[PDB]
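Taking the form deposited in one PDB entry, here's one chain by itself in structure tokens.
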């Protein structure tokens, strides 16, 4: 319920503000009147080194609920990216992003963000969120690389 979630949300920001992976960006939305909405974060994840995603800064929106931290914070890419584990709506799919699956209330936002970056390199073939990407990735790795490479350069901080 409310209050509880906000207490943990503030804790996450405190921990993240202290220590966080270099290149990763995460901060709650600045609600008008000098306030802040801890239930809505604007995070950004850069491409992992050694991958065709390297160089691109992908931004996503982290949506929180009142059931937090019991409920997982659904993250939607802004805008959605070409990835078989990312729905055209922007909804990212991950085992630890579902309570009934591998999500644990003790999971820090840091672990979630890192997991998303990892997913970019190693796509889950069990979750065909993006039919287009899934098909291309499965039958033509070359054509997939091209689209991913152009994507990184497209979202590259200029």
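Residue numbers count along the first chain shown, from 1.
Keep in mind the form solved in complex with a small molecule is missing from the figure; the text below concerns it.
Chemist: Just to be sure I understand the contacts: of 107, 39, 94, 44, which is the one whose heavy atoms reach within 4.5 angstroms of the small molecule in the entry with it bound?
Modeler: Only one listed residue qualifies here, and that residue is 44.
Chemist: Report yes if any heavy atom of residue 61 sits within 4.5 Å of a heavy atom of the small molecule in the entry with it bound; otherwise report no.
Modeler: It does: once the small molecule is placed as it appears in the entry with it bound, residue 61 has a heavy atom within 4.5 Å of it.
Chemist: Would you please decide whether residue 25 lies within 4.5 angstroms of the small molecule in the entry with it bound, comparing each non-hydrogen atom pair?
Modeler: Close contact exists here: in the entry with it bound, residue 25 approaches the small molecule to within 4.5 Å, heavy atoms only.
Chemist: Quick one: find which of 53-61, 30-38, 96-104, 119-127 has residues within 4.5 Å of the small molecule in the entry with it bound by heavy atom distance.
Modeler: Looking at the partner contacts, the answer comes out as 53-61.
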